[PDB]
Q: 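Can you read through this structure? Questions will come right after.
The analysis underlying the following values was restricted to heavy atoms, covering all of them including side chains, and did not include hydrogens, waters or symmetry mates. Throughout, protein chains are lettered first and strands after them, A, B, ... in sequence-line order, and every chain is numbered starting at 1.
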Protein chains: 4
Amino acid sequence: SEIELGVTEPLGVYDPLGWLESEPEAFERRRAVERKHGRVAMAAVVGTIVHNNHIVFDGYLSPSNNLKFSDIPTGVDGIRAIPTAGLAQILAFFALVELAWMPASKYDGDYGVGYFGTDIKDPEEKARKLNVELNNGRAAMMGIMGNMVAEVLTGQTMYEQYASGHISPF
Amino acid sequence: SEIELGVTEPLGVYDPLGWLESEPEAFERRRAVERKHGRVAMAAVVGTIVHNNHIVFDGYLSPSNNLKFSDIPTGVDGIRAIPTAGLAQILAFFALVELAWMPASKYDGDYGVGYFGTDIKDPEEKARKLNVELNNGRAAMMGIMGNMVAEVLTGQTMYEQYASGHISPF
Amino acid sequence: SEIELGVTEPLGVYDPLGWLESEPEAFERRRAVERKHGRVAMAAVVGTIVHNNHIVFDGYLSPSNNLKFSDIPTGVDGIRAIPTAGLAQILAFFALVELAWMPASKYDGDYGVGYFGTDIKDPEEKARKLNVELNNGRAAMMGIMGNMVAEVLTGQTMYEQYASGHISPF
Amino acid sequence: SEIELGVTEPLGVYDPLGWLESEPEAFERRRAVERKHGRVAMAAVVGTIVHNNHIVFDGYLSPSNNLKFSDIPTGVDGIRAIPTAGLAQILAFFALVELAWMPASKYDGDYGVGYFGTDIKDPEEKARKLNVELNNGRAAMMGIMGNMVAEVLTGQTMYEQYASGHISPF
Ligand code: KC2
Ligand code: KC2
Ligand code: KC2
Ligand code: KC2
């Protein structure tokens, strides 16, 4: 029932380059990659929205570096501002996650957590929720790409872009 | 089972002008219209209650127009105070909704979201919840009409009417 | 299955005066009365706890009477401090409730709202929850009686009794 | 199905001492003890985390002793700081719990409250949740032991240890 997921109006089965029938055996991992990217991009978009609203922690991210949370830029440079030891800690934690707790090798993406802890018994409701996850992931992928591109070209974070009234490109 | 919905005590099947039997084929769309109006009026009544409590966003609705959120009147003139571009954006978003996401042409009103996400498996509980939705929509329709009429006849918003002790018409 | 409800450890079927077998036909209304009193007393105990923590509304209960919410005593005189028109409004609203929406004549006490909106499908879980409701109602009945009696005897509300260290009767 | 609980990756059935087959009849109470310790240690770890974030009640724990809540140390001396009468009250309340409401003699640890009030109908989901409870209890046991040992050896509470940058032992 996985090959039926992600087929939603108005496009239906949208395979413009025709890879569903050309490479039928690769669809499992391609959908795994699509779902992984969708989840990551949804988290990233929520993160950007939180950042540019200046919802930051109170205190120091790295007291040894004298680096407060509010000192971290809200744009694409935020991850670069983090100290190298902090990036190492993030990488170690997500190595543990991605290799043990929710392995990326599990292509169905089903790690037992369900939707808010509970399995969706109704097949129609479960299919609709899975389609919602896929479509929101696709929208978030396009959105995070657009956010990063706009920040890189305009030169301003989303907060700075909105606060200066620079919404119109022309 | 749709024709049994909305039949509740103390009125039961209340058709004073006798259109259930006179026009049996029009009931589907008439109930669709009733449910749509009920949902819209419930949202409108909650909106009026929020407005007259002065629960407003902090900032500017339209910085180019120098129009803060608190500058928008809490009465029937609130929607008129919004800039034309903002009204255009609201209209475009709801055109997308009403034509694609939750089409108004779907007369059963079932867009797959269920009641707080989950389908109601028990037929009795589902019928009770649907009757609750219909009755609350009817009450909200009457309430929003009464609120608008009282504001237009007294010249005061609900907050101004209550704060001045003008809740007695005589 | 109603006659099995309220039978819980350590007392089991506790009928010290032997009215379950003496008047088997009166048990339905007696359990209705017990459940009604339990619900009312649970609400009353929560109300007293809220009052004596000075969690009060901000504003005037009756601006014509120049009576603020904080002016209402938190003890047994609180309901007496309310203006007569306010008591009339409360009585009218609860007449509507108790006669139409959740009639007191419905001895099973099942008004369709369920436990947090949902019916409890598991008979064991449902029986346990009903026993919990009954036992908490009994405890709240005893508690509200004790609170009122202690306030009347000591001359102080619960807040005044606790704040003065007058908890020990001797 | 209890003997299958707690068997999780990567260790599977981890019995280095070989007591599962040496003493098959003692496993019921040993798992009861393990689950009890897991729950107690999870509560203790949450408590330590709350303490060292200085999330304390506002007021006096014991006005007669002139002992505010903020005066109670956040480390291992917190339970020693509270007055003897308060310790007696805590002990009495938990005697009532552990002997009547959720008896420790019930080795299955099933007191009818379920997981957030509801029984888990799906056997796979229920087994996963029980394994989660056991593994989190084991992790919390190790964590609370480590927290207490680190505090007793460094001489500082967790807040004092973190605030001084004394996290690195060398
Ligand atoms: C991925 C999630 C994550 C987890 C689960 C996690 C857990 C723990 C634990 C418990 C096991 C401890 C004890 C601990 C301790 C410290 N952390 Mg964490 N930490 C995470 C992320 C980051 C990031 C992003 C940064 C960071 C930092 C520090 C500093 C530096 C203070 C200073 O330098 O004095 C110290 C002492 C910053 C950094 O090291 O900067 C040099 C920084 O940027 N940490 N950290
Ligand atoms: C229906 C819901 C809705 C959505 C989903 C939505 C999304 C976005 C997005 C993201 C796609 C952007 C980037 C964006 C941007 C701006 N909006 Mg929205 N907007 C919505 C509603 C309104 C309303 C009601 C108003 C309004 C306004 C502005 C202004 C004006 C600022 C200024 O003039 O400098 C700017 C820049 C106000 C207005 O245009 O007044 C002339 C105003 O009244 N918007 N808006
Ligand atoms: C039972 C729940 C309940 C409901 C559902 C409810 C609904 C409404 C509605 C909407 C239909 C209106 C329009 C309305 C209006 C007023 N109420 Mg309510 N009211 C309830 C309870 C009380 C209580 C307890 C009191 C009270 C009061 C007033 C005053 C007095 C202001 C003043 O005197 O200027 C006015 C104008 C106080 C009182 O009348 O004191 C003389 C007072 O004590 N109300 N009330
Ligand atoms: C285990 C949970 C628990 C419960 C369910 C519970 C219920 C009640 C009830 C309702 C039945 C009353 C009426 C009551 C009253 C007092 N309690 Mg509780 N109390 C609990 C725990 C503690 C702790 C830990 C302490 C404490 C205290 C006091 C004091 C002291 C004030 C003073 O000295 O002036 C008074 C009057 C402190 C203490 O006695 O210190 C000498 C203190 O440390 N209590 N307590």
Side-chain angles (χ1 to χ4, degrees), chain A residues 89 92-108 110-114 117 119, chain C residues 124, chain D residues 1-49 76 79 91 94-95 97-116 118-154 158 169-170:
Chain A
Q89 303 189 249
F93 179 77
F94 287 137
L96 178 60
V97 171
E98 292 273 293
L99 295 175
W101 292 356
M102 296 183 302
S105 312
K106 208 179 189 183
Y107 288 162
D108 56 358
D110 188 5
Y111 301 111
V113 299
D119 183 11
Chain C
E124 301 290 333
Chain D
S1 178
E2 188 70 22
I3 199 169
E4 285 77 18
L5 295 179
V7 169
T8 320
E9 291 294 326
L11 301 193
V13 190
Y14 191 76
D15 189 14
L17 303 181
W19 278 351
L20 283 182
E21 53 87 15
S22 178
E23 306 172 0
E25 71 287 346
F27 171 83
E28 183 184 9
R29 194 185 182 277
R30 285 217 172 91
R31 171 54 54 84
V33 170
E34 176 183 14
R35 177 179 291 111
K36 184 63 160 292
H37 282 77
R39 295 167 173 174
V40 165
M42 287 185 282
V45 170
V46 172
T48 56
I49 294 173
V76 301
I79 199 64
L91 263 298
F94 287 137
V97 171
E98 292 273 293
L99 295 175
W101 291 356
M102 297 183 302
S105 312
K106 208 179 189 183
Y107 288 162
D108 57 358
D110 188 6
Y111 301 111
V113 299
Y115 185 62
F116 286 91
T118 70
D119 183 12
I120 310 180
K121 296 301 299 178
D122 188 10
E124 302 291 334
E125 180 184 342
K126 182 176 182 178
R128 188 197 174 274
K129 293 275 189 300
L130 290 157
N131 287 326
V132 166
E133 179 191 34
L134 279 168
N135 281 342
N136 279 118
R138 296 156 175 168
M141 282 188 271
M142 291 272 92
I144 193 64
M145 271 303 109
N147 200 28
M148 293 160 58
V149 167
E151 175 178 343
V152 179
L153 275 182
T154 58
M158 182 167 68
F170 51 86

Q: Tell me the closest heavy-atom pair linking D:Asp110 and D:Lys106, and the distance in Å.
A: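 Looking at all heavy atoms of both residues, the closest pair is O-NZ, 2.7 Å.
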Q: With rounding to the nearest 0.5 angstrom, report the CZ to OH distance, D:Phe27 to D:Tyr107.
A: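 Between D:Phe27 CZ and D:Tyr107 OH, I get 14.0 Å after rounding to 0.5 Å.
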Q: With a 4.5 Å heavy-atom cut-off, do D:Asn147 and D:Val45 have their side chains touching?
A: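 No, too far: nothing below the 4.5 Å cut-off.
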Q: Looking at D:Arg29, I'd like to know if its CZ atom is crowded, meaning that more than 12 non-hydrogen atoms belonging to other residues, nucleotides or ligands lie closer than 6.0 Å.
A: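 12 or below, so no.
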Q: Measuring only between side-chain heavy atoms, which start at C-beta, is D:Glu2 closer than 4.5 Å to D:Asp108?
A: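 They are not in contact (no side-chain heavy atoms under 4.5 Å apart), so the answer is no.
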Q: Roughly how far, to the nearest 0.5 Å, is the CZ atom of D:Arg39 from the CE atom of D:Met42?
A: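 D:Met42 CE to D:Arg39 CZ: 7.5 Å, rounded to 0.5 Å.
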Q: Side-chain contact test, heavy atoms from C-beta onward, threshold under 4.5 Å: evaluate it for D:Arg30 versus D:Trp19 and give yes or no.
A: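 Answer yes - side chains close enough.
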Q: Below 4.5 Å, heavy atoms only, C-beta onward: do D:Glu21 and D:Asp15 meet side chain to side chain?
A: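 Of all side-chain heavy-atom pairs linking D:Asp15 with D:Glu21, none is under 4.5 Å.
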Q: Quick one: does any side-chain atom of D:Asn131 pair with a main-chain N or O of D:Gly6 as donor and acceptor, under 3.5 Å?
A: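 Yes; judged by distance alone, with no hydrogens or angles, the pair exists.
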Q: Taking all atoms of both residues into account, what is the closest heavy-atom pair of D:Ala41 and D:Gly137, and its distance?
A: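 Nearest heavy atoms, D:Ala41 then D:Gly137: CB-O, 4.4 Å.
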Q: Are any non-hydrogen side-chain atoms of D:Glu151 and D:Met148 less than 4.5 angstrom apart?
A: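 No - every pair of side-chain heavy atoms lies 4.5 Å or more apart.
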Q: Are D:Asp119 and D:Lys126 side-chain neighbours, meaning at least one heavy-atom pair lies under 4.5 Å?
A: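 The answer is yes, as the side chains (C-beta and beyond) meet within the 4.5 Å cut-off.
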Q: Looking at every heavy atom in both D:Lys36 and D:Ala104, which two are closest together, and how far apart are they?
A: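 Where D:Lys36 meets D:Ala104 most closely, the heavy atoms are NZ-CB, 3.3 Å.
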Q: Determine, for D:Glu125 against D:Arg128, whether the closest basic-nitrogen to carboxylate-oxygen distance falls under 4.0 angstrom.
A: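 No, D:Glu125 and D:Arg128 are not salt-bridged.
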Q: Say you draw a straight line from CZ of A:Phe94 to CE of A:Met102; how long is it, rounded to the nearest 0.5 Å?
A: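 Taking CZ in A:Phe94 and CE in A:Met102, the distance rounds to 8.5 Å.
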Q: Work out which heavy atom in A:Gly117 is nearest to a heavy atom in D:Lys129; give both atom names and the distance.
A: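 Closest pair (atom of A:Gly117, atom of D:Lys129, distance): O-NZ, 3.3 Å.
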Q: Is the CD atom of D:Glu4 crowded by more than 12 outside heavy atoms at less than 6.0 Å?
A: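 Enclosed: over 12 neighbouring heavy atoms sit under 6.0 Å from CD of D:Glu4.
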Q: Can you see which heavy atom on D:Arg138 is nearest to which on D:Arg31, and at what distance?
A: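 Where D:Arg138 meets D:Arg31 most closely, the heavy atoms are NH2-NH2, 3.7 Å.
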